[PDB]
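First comes one chain, alone, set out as structure tokens in the form deposited in one PDB entry.
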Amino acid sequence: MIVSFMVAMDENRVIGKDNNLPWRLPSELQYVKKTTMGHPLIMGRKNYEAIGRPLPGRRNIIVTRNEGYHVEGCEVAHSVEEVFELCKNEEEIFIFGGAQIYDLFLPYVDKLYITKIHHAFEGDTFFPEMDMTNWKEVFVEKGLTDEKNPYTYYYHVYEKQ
């Protein structure tokens, strides 16, 4: 299948601060919503706890090592292979991150969905560095600024061959 990364990031690749986004952009969540809709979302359990609930219309798969972790409305995988085992006949798969989880699927990544925020937030979890060269870009577009989304941000999509 197609393994896709889906990340929002800072001009310095920052993706989170607390166990939370260092920003609050409701419109960003909607490009994200519409892109992933109808597709499994694989998210690290630390990511999940930052969302606190199952996101409708998609298979929510939560990656933990913890044999006893359960949340109603989500599957759980203790493994990259268990994730693939669950996504047996899937077409595309969205790695919804946590950097620990971006790290686990780096060998499998087929494409990239990156929002770039042009601003410096002082966060502490970063999106890992990626293949110099390789990935050819396929899509650029500018998002939506307003009171509530008061940062300049752009959607990007890359693909490797």
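Heads up, when I say rigid core I mean the largest set of C-alphas that superpose within 1.5 Å between the two forms. Numbers for residues come from their place in the sequence shown, where the first is 1.
Below, we refer to the form deposited in another entry, which is not included among the displayed structures.
Residue shifts between this form and the one not shown, rigid core superposed: of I93, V32, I61, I117, the only C-alpha displaced by 2 Å or more belongs to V32. Relative to the superposed rigid core, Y151 undergoes a CA displacement smaller than 2 Å between this form and the one not shown. Core-superposed comparison between this form and the one not shown: the CA of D18 exceeds or equals a 2 Å shift. After superposing the rigid core, the Cα of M130 is displaced by 2 Å or more between this form and the one not shown. Figure legend: C-alpha atoms of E75 and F126, shown here, are separated by at least 3 angstroms more in the other form. Annotation for the pair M130/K136: C-alpha atoms approach each other in the other form, by 3 Å or more compared with this form.
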